[PDB]
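Residue numbering for the sequence shown follows PDB author numbering, beginning at 1 and increasing consecutively. To start, the structure under review is shown below, and the notes come after it.
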Amino acid sequence: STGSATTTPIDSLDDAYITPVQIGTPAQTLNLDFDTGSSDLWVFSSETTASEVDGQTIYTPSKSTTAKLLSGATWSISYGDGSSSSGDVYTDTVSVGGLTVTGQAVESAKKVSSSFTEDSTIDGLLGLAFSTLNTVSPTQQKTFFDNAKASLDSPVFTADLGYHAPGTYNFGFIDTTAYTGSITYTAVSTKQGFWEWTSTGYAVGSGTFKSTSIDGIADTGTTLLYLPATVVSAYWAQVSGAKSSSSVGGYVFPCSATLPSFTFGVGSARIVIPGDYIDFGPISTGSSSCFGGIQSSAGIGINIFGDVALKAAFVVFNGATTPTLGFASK
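And the structure:
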């Protein structure tokens, strides 16, 4: 089998992407944030504290003839941005772009933190990291991809995120019309539960490429590109007036600037992030200070190839017995 679904930016900045997902019988369609940095499929629901729902579409398990309470199971997750959610668990039929999994764990939120409530466009998350990170207790649950894998034509999914435009998540096949050149594959460590890999270096604008190993994760659920402070300083030093602002929480730059590109290495290959992809707009409405899309990872503990980086590439998440990642230009 295969599946193919369009993913759409939630706003004019590409802060996140939503993909429609069918849950239950008859189908209830919710728009989920596909997150290769986590491993829980959770949804706003009829069980979510009413004051914490503000415009989201909810899953109502009592209206699904295929929903079954997973008795005793609870979940609770905290994300790198400080947000969180928790609740109980049903199994139900879940379909993405025509690909159907029966018996998928659907984690129903009883509580969500303020940032989820405040984002009316995201009805939940669909985790695509390794199932060892799934938070369901006392019986850990499998991701949608893990459950679908055996049925897929090939044990892969691909992320093709758009810049200010829709893109595609494909399951079970590699669309050879969606990229240019060849796909370069690189080794993955699953030891932390992430799609963790090592970039071979970077360049800023038209500058020379610096060969240096940068271990990080391919994370569709993180907006920006988080890299070591040395790399980030070298980038922003090429932008007149750019500075790191403790009060804002990162590098800012004059909105009048034209930003240089940023290149990262994948083996001997190179992915170029255009400068415009690094502009996240005014820090507050009407400000002439703009927020940068490349930020330091120094306070995180891990480097994160988030949407800013991934949207410049066609990305293969290869879930073969030994997982690997593939990157192509597009």
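Even for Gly, the Cβ is constructed at its ideal location relative to N, Cα and C.
In this structure, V266 lies away from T158, with their beta-carbon atoms at least 7 Å apart. Taking each of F314, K142 and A203 in turn and checking the Cα distance to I214, the smallest one comes out for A203. In the structure shown, the three-state DSSP call for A178 is coil.
A residue is called buried when at least 16 other Cβ atoms come within 10 angstroms of its Cβ; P166 does not meet this threshold and is exposed.
Around the CB of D276, fewer than 16 other CB atoms lie within 10 Å, so the residue is classed as exposed. In the DSSP annotation of this structure, the continuous segment of the beta strand (DSSP E) that includes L125 starts and ends at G124 to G127. For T230, the enclosing alpha helix (DSSP H) covers residues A229 to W236. DSSP places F280 within a strand segment (E or B) once states are collapsed to three. In this structure, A320 sits away from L225, with a CB-CB distance that is not shorter than 7 Å. Looking only at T324, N318, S245 and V272, the smallest Cα-Cα distance to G292 is reached by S245. The count of Cβ pairs closer than 8 Å, one atom from the segment 143–160 and one from the segment 236–254, stays below three, leaving the stretches out of contact.
In this chain, the beta strand (DSSP E) harbouring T212 covers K210 to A218. With distances taken between CA atoms, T7 lies nearest to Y163 out of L69, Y163, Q104 and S113. DSSP lists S86 as the beta-bridge partner residues of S76. At the C-beta level, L32 and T57 stay beyond 7 Å of one another. Shortest Cα-Cα distance from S46 to any of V252, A313, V106 and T198 involves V106. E52 sits in a helix when the DSSP states are folded into three classes.
With fewer than 16 neighbouring CB atoms inside 10 Å of its own CB, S115 falls in the exposed class. In this structure, DSSP gives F317 an extended state, which the three-state scheme calls strand.
Within the same chain, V239, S240, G241, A242 and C290 come within 8 Å of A257 by CB-CB distance, once the 5 residues on both sides are set aside. Spanning the alpha carbons of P282 and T223 requires a straight line of approximately 16 Å.
Straight across, the Cα-Cα distance linking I174 with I18 is about 21 Å.
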